[PDB]
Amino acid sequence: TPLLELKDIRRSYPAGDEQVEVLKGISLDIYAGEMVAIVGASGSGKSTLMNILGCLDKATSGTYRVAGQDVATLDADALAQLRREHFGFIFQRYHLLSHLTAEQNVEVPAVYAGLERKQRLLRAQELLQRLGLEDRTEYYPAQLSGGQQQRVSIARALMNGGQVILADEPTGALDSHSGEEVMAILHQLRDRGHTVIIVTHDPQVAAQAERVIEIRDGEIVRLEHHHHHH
């Protein structure tokens, strides 16, 4: 029974009596413990769907339920708590603060789940070690490669649990070697029960998912299952 549920999710930005219709009725269910890919062109509306999935954006109409909870009914604070209960985020860019260490960057999400620095630190390190950065815990971003910075950003995504990992083109700025490393960590996390949603233009990255949703213009056009040789 599905951890995330969307029915008829629409999105339009107001513009006079005219509106800008980005997503035009997307119904879709995602389960715990799977890697899903959402693939489509720039313009497809795959970005908005990501932001909606992450609750960094409100659907204009439709019903988005996350672990049962319909999200439209919640205040900014309670939405924020839910988002922290369930979601982690990585992107093509790494979004690290240049004047914070790797360990420090990893702590950041936990700050606002209210846990104090001693517990926070201990978890950040465990998580950076888990990602093969035991000896990089006090390195600054400018001392690290893309590849490493993205592992830092993954460890940051696990900080509040990261039950659902939303990855936007997480290998877009990476060489073929760093890409595989990133993918293999994402398969590993999905192996350990995490859900991983990955958005890409590239159907080769998509092909690695267990299921592949394609959006053309605010609308799903194709769902595919894949079983794996990862």
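Counting begins at 1, following the sequence as shown.
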item: Average Cα temperature factor in the PDB entry - higher stretch of 145-153, 110-118; value: 110-118
item: Stretch with the greater mean C-alpha B-factor as recorded in the entry, comparing 80-88 against 67-75; value: 67-75
item: Candidate residues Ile30, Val182, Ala173, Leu166, the one whose C-alpha B factor the record puts highest; value: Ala173
item: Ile26 CA temperature factor, ranked by third within the chain; value: middle
item: Among modelled residues of the same chain, the CA temperature factor third for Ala59; value: highest
item: Chain-relative CA temperature factor third for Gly45; value: middle
item: For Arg136, the third of its chain into which the C-alpha B factor falls; value: highest
item: Chain-wide C-alpha B factor ranking for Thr195, given as lowest, middle or highest third; value: lowest
